[PDB]
file entry.cif (mmCIF, C-alpha atoms and all ligand atoms)
data_work
#
loop_
_atom_site.label_atom_id
_atom_site.label_comp_id
_atom_site.auth_asym_id
_atom_site.auth_seq_id
_atom_site.Cartn_x
_atom_site.Cartn_y
_atom_site.Cartn_z
CA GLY A 5 6.53 -22.32 -62.42
CA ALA A 6 3.77 -24.77 -63.15
CA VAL A 7 2.32 -24.68 -59.66
CA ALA A 8 1.85 -20.88 -59.76
CA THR A 9 0.24 -20.97 -63.21
CA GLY A 10 -1.48 -24.38 -63.05
CA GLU A 11 -0.12 -25.00 -66.57
CA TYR A 12 2.13 -28.08 -66.71
CA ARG A 13 4.18 -28.51 -69.86
CA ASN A 14 3.11 -31.35 -72.13
CA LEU A 15 6.52 -32.10 -73.63
CA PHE A 16 5.12 -34.74 -75.96
CA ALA A 17 2.64 -32.20 -77.36
CA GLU A 18 5.60 -29.79 -77.77
CA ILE A 19 7.35 -32.34 -80.02
CA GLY A 20 4.22 -32.87 -82.13
CA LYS A 21 2.23 -35.74 -80.54
CA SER A 22 -1.60 -35.66 -80.48
CA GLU A 23 -3.53 -35.69 -77.15
CA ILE A 24 -5.27 -38.94 -78.21
CA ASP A 25 -1.93 -40.67 -78.83
CA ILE A 26 -0.43 -39.39 -75.57
CA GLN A 27 -3.47 -40.73 -73.71
CA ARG A 28 -3.09 -44.09 -75.53
CA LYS A 29 0.58 -44.32 -74.56
CA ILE A 30 -0.10 -43.64 -70.86
CA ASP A 31 -3.10 -45.97 -70.79
CA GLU A 32 -1.03 -48.74 -72.48
CA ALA A 33 1.75 -48.32 -69.93
CA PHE A 34 -0.68 -48.47 -67.02
CA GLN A 35 -2.55 -51.48 -68.37
CA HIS A 36 0.63 -53.44 -68.95
CA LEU A 37 2.22 -52.67 -65.59
CA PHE A 38 -0.86 -52.94 -63.43
CA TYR A 39 -2.90 -55.53 -65.34
CA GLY A 40 -0.64 -57.24 -67.80
CA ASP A 41 0.53 -60.82 -67.86
CA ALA A 42 1.38 -61.94 -64.28
CA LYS A 43 4.63 -63.65 -65.30
CA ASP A 44 5.97 -61.20 -67.91
CA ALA A 45 4.46 -57.70 -67.73
CA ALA A 46 2.73 -56.81 -64.46
CA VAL A 47 4.28 -55.31 -61.40
CA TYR A 48 1.02 -54.89 -59.51
CA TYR A 49 -0.43 -57.91 -57.70
CA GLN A 50 -3.71 -58.25 -55.82
CA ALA A 51 -3.05 -59.92 -52.50
CA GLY A 52 -6.47 -60.55 -50.97
CA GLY A 53 -7.87 -58.19 -48.30
CA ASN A 54 -8.28 -57.42 -44.67
CA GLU A 55 -10.33 -55.15 -42.42
CA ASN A 56 -9.40 -52.10 -44.55
CA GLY A 57 -10.48 -53.83 -47.73
CA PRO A 58 -8.35 -54.93 -50.69
CA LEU A 59 -4.59 -55.44 -50.46
CA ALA A 60 -2.09 -55.18 -53.35
CA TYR A 61 1.66 -54.82 -53.72
CA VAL A 62 4.13 -53.56 -56.31
CA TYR A 63 6.59 -56.33 -57.07
CA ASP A 64 10.31 -55.65 -57.46
CA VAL A 65 10.77 -58.44 -60.01
CA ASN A 66 14.42 -57.31 -60.53
CA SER A 67 15.40 -58.45 -57.03
CA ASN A 68 12.48 -60.78 -56.06
CA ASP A 69 11.06 -58.64 -53.25
CA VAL A 70 8.60 -55.81 -52.49
CA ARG A 71 10.27 -52.52 -51.77
CA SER A 72 9.01 -49.38 -50.05
CA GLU A 73 10.33 -47.51 -53.11
CA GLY A 74 7.96 -49.47 -55.38
CA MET A 75 5.00 -49.20 -53.07
CA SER A 76 5.50 -45.44 -52.77
CA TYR A 77 5.99 -45.07 -56.52
CA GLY A 78 2.83 -47.10 -57.05
CA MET A 79 0.96 -44.68 -54.80
CA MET A 80 2.37 -41.67 -56.66
CA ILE A 81 1.52 -43.10 -60.09
CA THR A 82 -1.98 -44.03 -59.01
CA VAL A 83 -2.82 -40.69 -57.41
CA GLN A 84 -1.46 -38.88 -60.47
CA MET A 85 -3.65 -41.09 -62.68
CA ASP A 86 -6.75 -40.80 -60.43
CA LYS A 87 -6.71 -44.56 -59.67
CA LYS A 88 -8.03 -44.50 -56.13
CA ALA A 89 -8.85 -48.26 -55.88
CA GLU A 90 -5.26 -49.26 -56.67
CA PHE A 91 -3.82 -46.50 -54.45
CA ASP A 92 -5.86 -47.69 -51.46
CA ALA A 93 -4.92 -51.34 -51.93
CA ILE A 94 -1.18 -50.51 -52.10
CA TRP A 95 -1.36 -48.20 -49.12
CA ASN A 96 -3.30 -50.80 -47.13
CA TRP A 97 -0.54 -53.31 -47.86
CA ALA A 98 2.25 -50.90 -46.84
CA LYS A 99 0.46 -49.80 -43.68
CA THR A 100 -0.46 -53.43 -42.83
CA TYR A 101 2.87 -55.14 -43.49
CA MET A 102 5.67 -52.56 -43.78
CA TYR A 103 4.79 -49.89 -41.19
CA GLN A 104 6.54 -50.28 -37.83
CA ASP A 105 4.07 -49.41 -35.05
CA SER A 106 6.08 -50.60 -31.98
CA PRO A 107 7.56 -47.67 -30.02
CA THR A 108 10.42 -49.88 -28.65
CA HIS A 109 11.48 -50.96 -32.19
CA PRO A 110 14.25 -48.80 -33.72
CA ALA A 111 12.25 -48.36 -36.96
CA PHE A 112 9.19 -46.99 -35.06
CA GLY A 113 7.25 -44.74 -37.41
CA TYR A 114 8.95 -45.99 -40.56
CA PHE A 115 8.36 -48.55 -43.30
CA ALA A 116 10.51 -51.67 -43.73
CA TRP A 117 12.25 -51.18 -47.05
CA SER A 118 12.43 -54.81 -48.31
CA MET A 119 9.65 -57.31 -47.79
CA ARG A 120 8.71 -60.72 -49.08
CA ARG A 121 5.46 -61.03 -51.01
CA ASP A 122 3.87 -62.84 -48.05
CA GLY A 123 4.36 -59.78 -45.78
CA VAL A 124 7.49 -60.99 -43.91
CA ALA A 125 10.27 -58.39 -43.67
CA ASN A 126 13.73 -58.91 -45.13
CA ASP A 127 15.00 -55.73 -43.41
CA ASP A 128 12.98 -53.84 -40.78
CA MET A 129 14.91 -50.57 -41.44
CA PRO A 130 13.51 -48.00 -43.88
CA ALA A 131 14.77 -46.58 -47.13
CA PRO A 132 13.99 -42.88 -46.68
CA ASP A 133 13.09 -42.18 -50.31
CA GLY A 134 10.12 -44.53 -49.73
CA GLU A 135 8.90 -42.35 -46.90
CA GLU A 136 9.41 -39.18 -48.97
CA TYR A 137 7.16 -40.49 -51.74
CA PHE A 138 4.59 -42.01 -49.31
CA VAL A 139 4.08 -38.71 -47.51
CA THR A 140 3.80 -36.71 -50.72
CA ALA A 141 1.45 -39.22 -52.41
CA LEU A 142 -0.71 -39.17 -49.28
CA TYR A 143 -0.99 -35.37 -49.35
CA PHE A 144 -1.87 -35.61 -53.05
CA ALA A 145 -4.55 -38.19 -52.26
CA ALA A 146 -6.05 -35.87 -49.66
CA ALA A 147 -6.12 -33.08 -52.28
CA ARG A 148 -7.67 -35.20 -55.03
CA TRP A 149 -10.07 -37.46 -53.18
CA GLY A 150 -10.48 -35.89 -49.78
CA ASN A 151 -9.72 -37.59 -46.52
CA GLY A 152 -11.33 -40.79 -45.31
CA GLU A 153 -10.89 -42.17 -41.80
CA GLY A 154 -8.35 -44.34 -40.05
CA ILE A 155 -5.65 -45.42 -42.49
CA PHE A 156 -7.57 -43.61 -45.24
CA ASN A 157 -7.23 -40.26 -43.44
CA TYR A 158 -4.48 -39.57 -45.99
CA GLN A 159 -3.58 -36.13 -44.67
CA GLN A 160 -3.46 -37.24 -40.99
CA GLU A 161 -1.25 -40.21 -41.94
CA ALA A 162 1.04 -37.91 -43.95
CA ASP A 163 1.29 -35.36 -41.10
CA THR A 164 2.17 -38.08 -38.56
CA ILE A 165 4.79 -39.78 -40.70
CA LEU A 166 6.42 -36.53 -41.71
CA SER A 167 6.51 -35.18 -38.17
CA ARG A 168 8.20 -38.44 -37.11
CA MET A 169 10.68 -38.22 -39.93
CA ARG A 170 11.91 -35.01 -38.41
CA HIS A 171 11.40 -35.56 -34.66
CA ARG A 172 12.07 -39.30 -34.12
CA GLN A 173 14.42 -39.85 -31.19
CA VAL A 174 17.17 -42.43 -31.01
CA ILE A 175 15.88 -45.94 -30.26
CA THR A 176 17.86 -49.09 -29.57
CA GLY A 177 15.84 -52.27 -29.77
CA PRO A 178 15.36 -55.74 -31.28
CA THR A 179 14.72 -56.23 -34.99
CA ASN A 180 14.60 -59.11 -37.45
CA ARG A 181 18.35 -58.46 -37.89
CA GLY A 182 19.28 -58.35 -34.16
CA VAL A 183 19.53 -55.38 -31.85
CA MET A 184 19.82 -52.10 -33.78
CA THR A 185 19.89 -48.39 -33.13
CA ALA A 186 18.26 -45.81 -35.37
CA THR A 187 17.58 -42.09 -35.34
CA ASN A 188 15.44 -39.61 -37.41
CA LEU A 189 15.33 -39.64 -41.22
CA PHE A 190 16.49 -36.05 -41.81
CA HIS A 191 19.66 -34.63 -40.28
CA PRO A 192 18.55 -31.77 -38.02
CA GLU A 193 21.44 -29.36 -38.76
CA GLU A 194 22.10 -30.27 -42.40
CA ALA A 195 18.31 -30.42 -43.16
CA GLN A 196 19.04 -33.28 -45.53
CA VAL A 197 17.50 -36.67 -45.88
CA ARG A 198 19.60 -39.55 -44.65
CA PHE A 199 20.60 -42.66 -46.59
CA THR A 200 19.62 -44.68 -43.46
CA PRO A 201 18.56 -43.90 -39.90
CA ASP A 202 20.75 -46.82 -38.79
CA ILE A 203 23.24 -45.13 -36.48
CA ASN A 204 26.13 -47.07 -38.01
CA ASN A 205 25.74 -45.24 -41.36
CA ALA A 206 23.36 -42.39 -40.51
CA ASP A 207 25.54 -39.41 -41.47
CA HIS A 208 25.28 -39.76 -45.24
CA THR A 209 22.75 -39.06 -47.97
CA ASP A 210 21.92 -39.97 -51.56
CA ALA A 211 21.37 -37.30 -54.25
CA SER A 212 18.46 -39.25 -55.74
CA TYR A 213 16.67 -39.01 -52.37
CA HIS A 214 16.76 -35.18 -52.55
CA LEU A 215 13.23 -34.08 -53.47
CA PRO A 216 12.96 -30.32 -53.23
CA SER A 217 9.86 -30.44 -55.45
CA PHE A 218 8.16 -32.32 -52.62
CA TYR A 219 9.70 -30.41 -49.72
CA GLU A 220 7.95 -27.25 -51.10
CA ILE A 221 4.67 -29.09 -50.73
CA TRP A 222 5.52 -30.01 -47.16
CA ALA A 223 6.55 -26.40 -46.49
CA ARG A 224 2.96 -25.39 -47.29
CA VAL A 225 0.91 -28.17 -45.67
CA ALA A 226 2.98 -29.92 -42.95
CA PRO A 227 2.39 -29.40 -39.21
CA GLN A 228 3.08 -25.66 -38.82
CA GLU A 229 6.10 -26.11 -36.49
CA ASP A 230 8.05 -28.01 -39.20
CA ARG A 231 7.24 -25.91 -42.26
CA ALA A 232 10.42 -23.72 -42.06
CA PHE A 233 12.53 -26.90 -41.75
CA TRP A 234 11.05 -28.29 -44.99
CA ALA A 235 11.49 -24.92 -46.75
CA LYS A 236 15.13 -25.05 -45.66
CA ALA A 237 15.52 -28.63 -46.93
CA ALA A 238 14.30 -27.45 -50.33
CA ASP A 239 16.99 -24.67 -50.49
CA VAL A 240 19.62 -27.11 -49.23
CA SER A 241 18.81 -29.76 -51.91
CA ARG A 242 19.12 -27.22 -54.71
CA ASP A 243 22.56 -26.33 -53.41
CA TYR A 244 23.24 -30.05 -52.91
CA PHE A 245 22.69 -30.90 -56.60
CA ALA A 246 25.01 -28.04 -57.62
CA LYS A 247 27.80 -29.56 -55.44
CA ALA A 248 27.05 -33.28 -56.04
CA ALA A 249 26.69 -33.27 -59.79
CA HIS A 250 29.95 -33.50 -61.75
CA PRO A 251 30.79 -30.05 -63.29
CA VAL A 252 31.28 -31.34 -66.85
CA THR A 253 28.71 -34.16 -67.13
CA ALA A 254 26.13 -33.39 -64.32
CA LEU A 255 26.32 -37.08 -63.35
CA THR A 256 25.74 -37.69 -59.67
CA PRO A 257 26.84 -40.66 -57.55
CA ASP A 258 24.44 -43.19 -56.05
CA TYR A 259 25.49 -42.34 -52.47
CA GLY A 260 26.93 -39.18 -50.94
CA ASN A 261 28.09 -37.17 -47.97
CA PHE A 262 26.23 -34.08 -46.71
CA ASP A 263 28.97 -31.85 -48.14
CA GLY A 264 28.21 -33.07 -51.65
CA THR A 265 31.10 -35.47 -52.17
CA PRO A 266 30.57 -39.15 -53.18
CA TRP A 267 30.41 -41.72 -50.37
CA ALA A 268 31.80 -45.25 -50.91
CA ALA A 269 29.69 -47.62 -48.79
CA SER A 270 31.83 -50.36 -47.17
CA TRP A 271 29.48 -53.06 -48.51
CA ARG A 272 29.04 -51.34 -51.94
CA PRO A 273 32.11 -49.21 -52.72
CA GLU A 274 30.94 -48.68 -56.32
CA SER A 275 28.28 -46.32 -54.84
CA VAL A 276 30.61 -43.44 -55.83
CA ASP A 277 29.65 -43.93 -59.47
CA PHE A 278 26.50 -43.03 -61.43
CA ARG A 279 24.36 -46.16 -61.24
CA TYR A 280 20.70 -47.21 -60.67
CA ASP A 281 19.92 -44.64 -57.94
CA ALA A 282 21.60 -41.70 -59.56
CA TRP A 283 19.60 -42.07 -62.85
CA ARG A 284 16.80 -40.30 -60.93
CA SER A 285 18.69 -37.15 -59.82
CA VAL A 286 17.98 -35.28 -63.03
CA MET A 287 14.23 -35.99 -62.65
CA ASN A 288 14.30 -34.61 -59.11
CA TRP A 289 15.95 -31.29 -59.99
CA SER A 290 14.08 -30.93 -63.30
CA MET A 291 10.71 -31.48 -61.64
CA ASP A 292 11.63 -28.99 -58.97
CA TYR A 293 12.53 -26.39 -61.60
CA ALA A 294 9.36 -27.01 -63.63
CA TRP A 295 7.07 -26.78 -60.62
CA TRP A 296 8.67 -24.00 -58.57
CA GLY A 297 11.23 -22.15 -60.75
CA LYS A 298 13.68 -21.65 -57.86
CA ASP A 299 16.67 -23.87 -58.73
CA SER A 300 18.57 -21.43 -60.93
CA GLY A 301 21.18 -24.11 -61.66
CA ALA A 302 18.70 -26.76 -62.91
CA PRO A 303 18.51 -25.72 -66.61
CA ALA A 304 22.29 -25.71 -67.08
CA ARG A 305 22.56 -29.02 -65.19
CA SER A 306 19.92 -30.63 -67.39
CA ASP A 307 21.63 -29.27 -70.55
CA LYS A 308 24.96 -30.67 -69.40
CA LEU A 309 23.55 -34.15 -68.68
CA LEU A 310 21.79 -34.31 -72.04
CA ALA A 311 24.92 -33.02 -73.82
CA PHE A 312 26.87 -35.76 -72.17
CA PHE A 313 24.41 -38.50 -73.19
CA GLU A 314 24.38 -37.17 -76.77
CA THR A 315 28.12 -38.11 -76.84
CA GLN A 316 27.09 -41.68 -75.95
CA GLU A 317 24.75 -42.17 -78.95
CA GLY A 318 25.09 -45.77 -80.15
CA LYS A 319 27.30 -46.87 -77.25
CA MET A 320 25.18 -45.97 -74.25
CA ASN A 321 25.96 -47.78 -71.04
CA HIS A 322 23.92 -47.47 -67.87
CA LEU A 323 26.70 -47.25 -65.33
CA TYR A 324 29.26 -44.38 -65.47
CA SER A 325 32.08 -42.82 -63.47
CA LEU A 326 31.17 -39.20 -62.63
CA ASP A 327 33.55 -37.80 -65.24
CA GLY A 328 31.76 -39.84 -67.90
CA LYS A 329 33.67 -43.13 -68.39
CA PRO A 330 31.37 -46.02 -69.26
CA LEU A 331 31.35 -48.74 -66.58
CA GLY A 332 29.08 -51.30 -68.19
CA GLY A 333 25.66 -52.32 -69.36
CA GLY A 334 23.68 -51.23 -72.40
CA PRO A 335 20.75 -48.85 -72.75
CA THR A 336 17.91 -49.30 -70.29
CA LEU A 337 14.38 -48.10 -70.42
CA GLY A 338 14.75 -46.61 -66.93
CA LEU A 339 17.72 -44.42 -67.91
CA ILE A 340 16.08 -43.36 -71.20
CA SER A 341 13.01 -42.38 -69.18
CA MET A 342 14.93 -40.39 -66.60
CA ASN A 343 17.01 -38.61 -69.23
CA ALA A 344 13.77 -37.53 -70.95
CA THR A 345 12.60 -35.90 -67.72
CA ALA A 346 15.62 -33.54 -68.03
CA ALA A 347 13.44 -31.76 -70.63
CA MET A 348 11.39 -30.31 -67.75
CA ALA A 349 14.35 -27.90 -67.25
CA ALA A 350 16.63 -28.14 -70.28
CA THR A 351 16.91 -25.20 -72.69
CA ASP A 352 18.97 -26.71 -75.52
CA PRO A 353 16.66 -28.18 -78.18
CA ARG A 354 18.53 -31.53 -78.17
CA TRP A 355 16.01 -32.30 -75.42
CA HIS A 356 13.51 -33.00 -78.22
CA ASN A 357 15.51 -36.12 -79.13
CA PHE A 358 15.41 -37.50 -75.55
CA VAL A 359 11.66 -36.99 -75.21
CA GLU A 360 11.24 -38.57 -78.66
CA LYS A 361 13.42 -41.51 -77.51
CA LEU A 362 11.08 -42.13 -74.54
CA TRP A 363 8.08 -41.81 -76.88
CA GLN A 364 9.45 -44.59 -79.11
CA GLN A 365 9.73 -47.11 -76.20
CA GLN A 366 7.36 -49.99 -75.35
CA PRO A 367 6.43 -51.04 -71.80
CA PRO A 368 9.05 -53.41 -70.34
CA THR A 369 8.80 -57.19 -69.98
CA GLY A 370 10.76 -59.87 -68.24
CA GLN A 371 12.91 -60.05 -65.21
CA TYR A 372 14.05 -56.38 -65.00
CA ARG A 373 10.68 -54.81 -65.73
CA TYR A 374 10.06 -53.28 -62.30
CA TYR A 375 12.70 -50.61 -62.09
CA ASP A 376 12.43 -49.88 -65.80
CA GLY A 377 8.61 -49.81 -65.63
CA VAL A 378 7.99 -47.58 -62.64
CA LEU A 379 10.50 -45.06 -64.01
CA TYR A 380 8.95 -45.32 -67.47
CA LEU A 381 5.43 -44.63 -66.19
CA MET A 382 6.55 -41.71 -64.02
CA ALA A 383 8.55 -40.23 -66.95
CA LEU A 384 5.52 -40.62 -69.28
CA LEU A 385 3.39 -38.73 -66.74
CA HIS A 386 5.97 -35.95 -66.33
CA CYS A 387 6.49 -35.57 -70.09
CA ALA A 388 2.73 -35.62 -70.75
CA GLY A 389 2.06 -32.76 -68.29
CA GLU A 390 0.07 -35.15 -66.12
CA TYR A 391 2.29 -35.28 -63.02
CA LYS A 392 1.09 -32.36 -60.92
CA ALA A 393 1.31 -30.89 -57.47
CA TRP A 394 -2.00 -31.77 -55.82
CA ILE A 395 -1.80 -29.51 -52.77
CA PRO A 396 -4.33 -30.18 -50.01
CA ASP A 397 -6.06 -27.55 -47.76
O1 LIG A 401 21.03 -51.23 -41.62
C1 LIG A 401 21.13 -50.35 -42.74
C2 LIG A 401 20.37 -51.04 -43.84
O2 LIG A 401 18.99 -51.20 -43.50
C3 LIG A 401 20.53 -50.22 -45.11
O3 LIG A 401 19.85 -50.87 -46.16
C4 LIG A 401 19.68 -50.01 -47.31
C5 LIG A 401 18.27 -49.46 -47.34
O4 LIG A 401 17.99 -48.79 -48.58
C6 LIG A 401 18.19 -49.56 -49.74
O5 LIG A 401 17.85 -48.73 -50.83
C7 LIG A 401 16.56 -48.85 -51.43
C8 LIG A 401 16.62 -49.83 -52.58
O6 LIG A 401 17.52 -49.38 -53.61
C9 LIG A 401 17.33 -48.06 -54.17
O7 LIG A 401 17.12 -48.08 -55.60
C10 LIG A 401 16.13 -47.37 -53.52
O8 LIG A 401 16.12 -45.99 -53.92
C11 LIG A 401 16.09 -47.49 -51.98
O9 LIG A 401 14.73 -47.31 -51.60
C12 LIG A 401 19.66 -49.94 -49.79
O10 LIG A 401 19.98 -50.64 -50.97
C13 LIG A 401 20.02 -50.79 -48.57
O11 LIG A 401 21.42 -51.04 -48.55
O12 LIG A 401 21.90 -50.18 -45.51
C14 LIG A 401 22.70 -49.54 -44.52
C15 LIG A 401 22.60 -50.17 -43.13
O13 LIG A 401 23.29 -49.34 -42.18
#

call {"tool": "encode", "arguments": {"input": "entry.cif", "output": "structure tokens"}}
result
Amino acid sequence: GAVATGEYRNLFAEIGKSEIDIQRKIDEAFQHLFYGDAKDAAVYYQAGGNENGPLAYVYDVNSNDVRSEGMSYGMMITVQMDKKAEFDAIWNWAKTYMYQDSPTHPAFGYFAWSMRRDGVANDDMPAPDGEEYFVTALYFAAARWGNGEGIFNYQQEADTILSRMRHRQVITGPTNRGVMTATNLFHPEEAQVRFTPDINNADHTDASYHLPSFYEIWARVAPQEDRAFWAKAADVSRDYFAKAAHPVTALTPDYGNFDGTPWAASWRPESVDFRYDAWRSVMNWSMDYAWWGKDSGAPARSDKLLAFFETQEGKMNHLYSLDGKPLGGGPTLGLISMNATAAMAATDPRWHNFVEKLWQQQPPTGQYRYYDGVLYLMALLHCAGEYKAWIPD
């Protein structure tokens, strides 16, 4: 795997692109999304400063809010690209406005998943994929830049958050939504990430939240007492993808049960289909395979997904039933980007076409540019061999 060797595959180079052009493409993407036109191109916004210095947020234009997903993706992209100033401003904003520090609040230790741009929470509860990316990006920051102090003690912050993700007790208390009860973010017996710690829907998961690539990092650098738990979560997620992904298409549902079956949320029953969340599953298993080489099922799963999308040439939707019936929409940059990341594990040379498809894209503009753009930039980094495991001491 790439971590053992230190050699990350540059998939664009493998399909013939020059280093200079690959650098241009990444730099273009970053400049557009972080510094492009404020009304049409950017997702990064400077938001003044406080005692920790500059503040900035990643704007979910798609839904007119700031999400923990976006903030955590922003931190991952910026640490991968060695953009410490931007990283620190985003983290300051998350730690200042999103982080719940009150021990009598049910979200204690976590980050409010949906915020307004002025720092006011829409929902105090967390979205655990946010936390997963925050922790990992923080460990990567510690590896690349070393640890500062206070909120900038990246490794100490990571350790604390990750420990709490496992060990948080049940808390009932007031929130912006009324009294709520929430638990830990990983199920202790299943060793799987939850869809929500809200006790009302706590015993479910989401295949796109399974990040064995990252759990391997935690298994090496977390607080010693939790390392076996994270190693277990990595094994469990690999098995999870084998059960959750449809056997013909390798499409996964947005939401799931611990046993691998789709879960229909009462407020969103179409969560049993392959939609916006599930686009990311292939990236998660493919990254894991590329880095660690342990998911023996990943190459066949990536080949199946790409074979399926080849059948959709010229009529690609972006919403599907798990057996491959189109459920609406046209092609999106986000899905193109995610499908390209399947090339981190695929063996069939049709992968060349998916990587080439991502190469041909431009950065996104307009109202839906956030979800498209953050996936695009992450996919560009993966496919360029520039998204690495930065493992701290
Ligand atoms: O009370 C619980 C709610 O707080 C909970 O809200 C969900 C929290 O996560 C949201 O998902 C994020 C945004 O959409 C995806 O693309 C991201 O990957 C996630 O970070 C989800 O949409 C909210 O419904 O819902 C359940 C309640 O019990």

call {"tool": "residues_near_ligand", "arguments": {"input": "entry.cif", "ligand": "ligand LIG 401 (chain A)", "cutoff": "7 Å", "atoms": "only C-alpha atoms and all ligand atoms", "output": "NGL selection string"}}
result
:A and (71-73 or 117 or 127 or 129-134 or 199-200 or 202 or 204-205 or 280-281)

call {"tool": "axis_aligned_box", "arguments": {"input": "entry.cif", "around": "region 148-154 of chain A", "padding_each_side": "8 Å", "output": "lines of an AutoDock Vina configuration file"}}
result
center_x = -9.5
center_y = -39.8
center_z = -47.5
size_x = 19.7
size_y = 25.1
size_z = 31.0

call {"tool": "atom_distance", "arguments": {"input": "entry.cif", "atom1": "CA of residue 77 (chain A)", "atom2": "CA of residue 284 (chain A)"}}
result
12.6 Å

call {"tool": "residues_around", "arguments": {"input": "entry.cif", "residues": "region 353-364 of chain A", "least_positions_apart": "2", "cutoff": "6 Å", "atoms": "only C-alpha atoms", "output": "list in words"}}
result
residues 341, 344 and 347 of chain A

call {"tool": "residues_around", "arguments": {"input": "entry.cif", "residues": "region 27-29 of chain A", "least_positions_apart": "5", "cutoff": "12 Å", "atoms": "all atoms listed in the file", "output": "tab-separated table (two decimals) with C-alpha atoms, in the coordinates of the input"}}
result
chain	number	residue	atom	x	y	z
A	14	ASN	CA	3.11	-31.35	-72.13
A	16	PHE	CA	5.12	-34.74	-75.96
A	17	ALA	CA	2.64	-32.20	-77.36
A	21	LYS	CA	2.23	-35.74	-80.54
A	22	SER	CA	-1.60	-35.66	-80.48
A	34	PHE	CA	-0.68	-48.47	-67.02
A	35	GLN	CA	-2.55	-51.48	-68.37
A	36	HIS	CA	0.63	-53.44	-68.95
A	85	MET	CA	-3.65	-41.09	-62.68
A	362	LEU	CA	11.08	-42.13	-74.54
A	363	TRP	CA	8.08	-41.81	-76.88
A	364	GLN	CA	9.45	-44.59	-79.11
A	365	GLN	CA	9.73	-47.11	-76.20
A	366	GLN	CA	7.36	-49.99	-75.35
A	367	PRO	CA	6.43	-51.04	-71.80
A	380	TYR	CA	8.95	-45.32	-67.47
A	381	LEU	CA	5.43	-44.63	-66.19
A	383	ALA	CA	8.55	-40.23	-66.95
A	384	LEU	CA	5.52	-40.62	-69.28
A	385	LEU	CA	3.39	-38.73	-66.74
A	387	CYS	CA	6.49	-35.57	-70.09
A	388	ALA	CA	2.73	-35.62	-70.75
A	389	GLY	CA	2.06	-32.76	-68.29
A	390	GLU	CA	0.07	-35.15	-66.12

call {"tool": "residues_around", "arguments": {"input": "entry.cif", "residues": "residue 225 (chain A)", "least_positions_apart": "6", "cutoff": "10 Å", "atoms": "only C-alpha atoms", "output": "PyMOL selection string"}}
result
chain A and resi 143+159+162-163+219+231+395-397

call {"tool": "atom_distance", "arguments": {"input": "entry.cif", "atom1": "CA of residue 244 (chain A)", "atom2": "CA of residue 203 (chain A)"}}
result
22.3 Å

call {"tool": "atom_distance", "arguments": {"input": "entry.cif", "atom1": "CA of residue 175 (chain A)", "atom2": "CA of residue 188 (chain A)"}}
result
9.6 Å

call {"tool": "closest_residue", "arguments": {"input": "entry.cif", "among": "A:119, A:111, A:291, A:83", "to": "residue 63 (chain A)", "atoms": "only C-alpha atoms"}}
result
A:119

call {"tool": "residues_around", "arguments": {"input": "entry.cif", "residues": "residue 319 (chain A)", "least_positions_apart": "2", "cutoff": "12 Å", "atoms": "only C-alpha atoms", "output": "list in words"}}
result
residues 313, 314, 315, 316, 317, 321, 322, 323, 329, 330, 331, 332, 333, 334, 335 and 336 of chain A

call {"tool": "residues_around", "arguments": {"input": "entry.cif", "residues": "residue 101 (chain A)", "least_positions_apart": "5", "cutoff": "10 Å", "atoms": "only C-alpha atoms", "output": "PyMOL selection string"}}
result
chain A and resi 95-96+115-116+119-125

call {"tool": "write_last_selection", "arguments": {"input": "entry.cif", "atoms": "C-alpha atoms", "output": "compact mmCIF listing (two decimals), in the coordinates of the input"}}
result
# COMPACT_ATOMS: atom_id res chain seq x y z
CA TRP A 95 -1.36 -48.20 -49.12
CA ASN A 96 -3.30 -50.80 -47.13
CA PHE A 115 8.36 -48.55 -43.30
CA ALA A 116 10.51 -51.67 -43.73
CA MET A 119 9.65 -57.31 -47.79
CA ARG A 120 8.71 -60.72 -49.08
CA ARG A 121 5.46 -61.03 -51.01
CA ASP A 122 3.87 -62.84 -48.05
CA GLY A 123 4.36 -59.78 -45.78
CA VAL A 124 7.49 -60.99 -43.91
CA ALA A 125 10.27 -58.39 -43.67

call {"tool": "closest_residue", "arguments": {"input": "entry.cif", "among": "A:260, A:266, A:154, A:297", "to": "residue 197 (chain A)", "atoms": "all atoms listed in the file"}}
result
A:260

call {"tool": "decode", "arguments": {"input": "entry.cif", "residues": "region 232-236 of chain A", "atoms": "N, CA, C and O atoms", "output": "mmCIF file, in the first residue's frame"}}
result
data_model
loop_
_atom_site.group_PDB
_atom_site.id
_atom_site.type_symbol
_atom_site.label_atom_id
_atom_site.label_comp_id
_atom_site.auth_asym_id
_atom_site.auth_seq_id
_atom_site.Cartn_x
_atom_site.Cartn_y
_atom_site.Cartn_z
ATOM 1 N N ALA A 232 -7.033 -0.477 19.707
ATOM 2 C CA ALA A 232 -7.603 -1.769 19.256
ATOM 3 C C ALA A 232 -9.038 -1.568 18.757
ATOM 4 O O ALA A 232 -9.451 -2.196 17.786
ATOM 5 N N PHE A 233 -9.790 -0.693 19.416
ATOM 6 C CA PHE A 233 -11.154 -0.361 18.972
ATOM 7 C C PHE A 233 -11.162 0.237 17.556
ATOM 8 O O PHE A 233 -11.925 -0.198 16.694
ATOM 9 N N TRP A 234 -10.253 1.185 17.294
ATOM 10 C CA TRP A 234 -10.156 1.744 15.926
ATOM 11 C C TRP A 234 -9.664 0.734 14.918
ATOM 12 O O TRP A 234 -10.185 0.691 13.805
ATOM 13 N N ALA A 235 -8.726 -0.140 15.302
ATOM 14 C CA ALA A 235 -8.294 -1.214 14.371
ATOM 15 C C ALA A 235 -9.476 -2.136 14.025
ATOM 16 O O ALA A 235 -9.664 -2.528 12.844
ATOM 17 N N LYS A 236 -10.324 -2.387 15.018
ATOM 18 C CA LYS A 236 -11.500 -3.216 14.820
ATOM 19 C C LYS A 236 -12.500 -2.516 13.869
ATOM 20 O O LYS A 236 -13.018 -3.117 12.943
#
